Structures are given as structure tokens and as C-alpha cells.
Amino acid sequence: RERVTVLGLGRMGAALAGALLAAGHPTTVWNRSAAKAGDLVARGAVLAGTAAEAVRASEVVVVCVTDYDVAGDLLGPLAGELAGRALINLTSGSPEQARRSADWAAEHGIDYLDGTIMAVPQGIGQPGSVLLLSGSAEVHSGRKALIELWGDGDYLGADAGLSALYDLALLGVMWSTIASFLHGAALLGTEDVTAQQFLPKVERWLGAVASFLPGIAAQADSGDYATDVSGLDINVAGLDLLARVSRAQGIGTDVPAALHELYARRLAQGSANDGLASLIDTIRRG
């Protein structure tokens, strides 16, 4: 159980440190303000006096701060101190910011793995917790068991920026699945059906929805959209009806109105018998 350093003891940094201690790793920490380490120190962490001391304590440095501007302000000065060590950046940001950091890290002989956490702090340590990871194969490989302490590490390849990009893509799905659940909850609420009554029907249906995705994917990749069954035409009509029925029943229309718009835009450019997969082309053109 090798010594690890954590920089940044916000809610997520504190949980990374805590999971290291619960696996018996000597855990050295730093934060710009010291009182935030107090609980971790009671639990056997060592609060370093400066960032630089903290880095010199461990072969692996985990950084987790608000954003990549804060991360650059903190890491830039530590360049020579980090050289020869492994750096894992679980700060959240864009593909570009991770790509920048990876560039900088390579200048200085810093083995750089960028990760994006898909989970809350209470989630650090649970196998349900996915960490997307991208960058140094060596760091991923060498410190796998270390990373697996925070959750299931999905190593996506060498482009530092892929974890952010996958994370944002997936969050897309979540945001949109949740918005539409609450849309339907509101709609059924106009007949005094509650969200908790609706939920199991939604959970069942989601099983069907996931079963549709392999075929949609296949057509998205091939470019051959033609279907005989779930025509874009009829789906566009569906969305219009969902929108109108939502209004009739007494709620807003934003969720169905926006989908109608995008689906109808493809219908206006594509074919009546286009599959839903054809939306990918409209989405690209934007």
C-alpha cells in the first residue's frame, strides 16, 4: 500500500483521501486552507505544510480542485517537483483542458492520467462508481488497484481528453432521460398520478428503450437509415401529439417541443421511412 498524495480537499478530494486511508495507504494531503484537512488528519492523514512538500512525499499525486484554471495555478509551480512522478487529475473540465494538461505534463516527465468521476463523493469506494480515465497507459496499468479504490476504472485510451468527452456524452443521456421523466410525471400529475406511481412504468419501459439502441447504433454507423416500422414521419407526429396533449392537460411543452423541432428538421431533409438513427446526421449539422 504505497504512499499517495491528494491535492485539494473539497468534498470530492476529501473522499479520495478517505478511501486511500480505508485501504491502509499512508495519505499525505494539502489544501490552501488547513482546517479542511482536520477530519482526515484525525483519520491518519498527514497534512503537509505546502503543496510542494505534499508532492515530494509520494510517487503518485492525485489532484482534485474546482477547475483547470485553479489546477494550472497550483500545478504550474510544482512542475519540477512533479517530474518523475505520476499525476492523476480528477478535476472536472473539458477535453481541451485535459489535453493542455497532458501536453504540459509531458514537457516535464510527469506521467499524466486525466480522469472524470461519474458519481458523488459518498460514491467514492463503491463499485457502482465509474471513473472514466484517459492518458498514460502506464499510470493506469501501474496504479490500477489504487484507482479501483475509488471505483470501476474505465481506461479509454491515450488521448487525455477522452474521459471528459465520454463523461459529457453520457451526462447528456442522463440529463435528457431525467428531464423527460419529469415531463411525463408532470403530465400524469394532471390526473393526480404521482411521480412515484409513474416510476415503475418508466423503469420497465427503459428496458425496452435500451433494447432499441443496438439497432439504432448499427444504422448510425452504416448510414443506412431506411426502416419499415418506426418511421420518422409517425414519430414526428407522436411528438406533436405529446406536445399538444401536454398543453391540453395543463403543463408546459418545452421537452416535447424541442424534440419535435429536431425530429421534424430531419424529416424535412431526409425520408419519411428514415429510422430514428438518421437524427445523428441532423445533430452533426446543427
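Heads up: residue numbers just count along the shown sequence, starting at 1.
Average Cα temperature factor in the PDB entry - higher stretch of 203-211, 114-122: Per the PDB record, 114-122.
Per the record, averaged over C-alpha atoms, which has the higher B-factor: 193-201 or 147-155? Here the higher of the two C-alpha B-factor means belongs to 147-155.
Options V62, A226, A257, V29 - largest CA temperature factor per the record: Of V62, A226, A257, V29, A226 has the highest C-alpha B-factor.
Third of chain Cα B-factors occupied by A272: Within its chain, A272 is a highest-third residue by C-alpha B-factor, going by the deposited values.
When the modelled residues of the chain are sorted by Cα temperature factor, does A51 land in the lowest, middle or highest third? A51: CA B-factor falls in the middle third of its chain.
Entry-reported Cα temperature factor of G128, expressed as the chain third it lands in: As the PDB entry reports it, the C-alpha B-factor of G128 lands in the highest third of its chain.
For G161, does the deposited CA B-factor place it in the lowest, middle or highest third of the chain? According to the entry, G161 has a C-alpha B-factor in the chain's lowest third.
Lowest, middle or highest third: where is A86 by Cα B-factor in its chain? Its C-alpha B-factor, which the entry lists for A86, ranks in the lowest third among residues of this chain.
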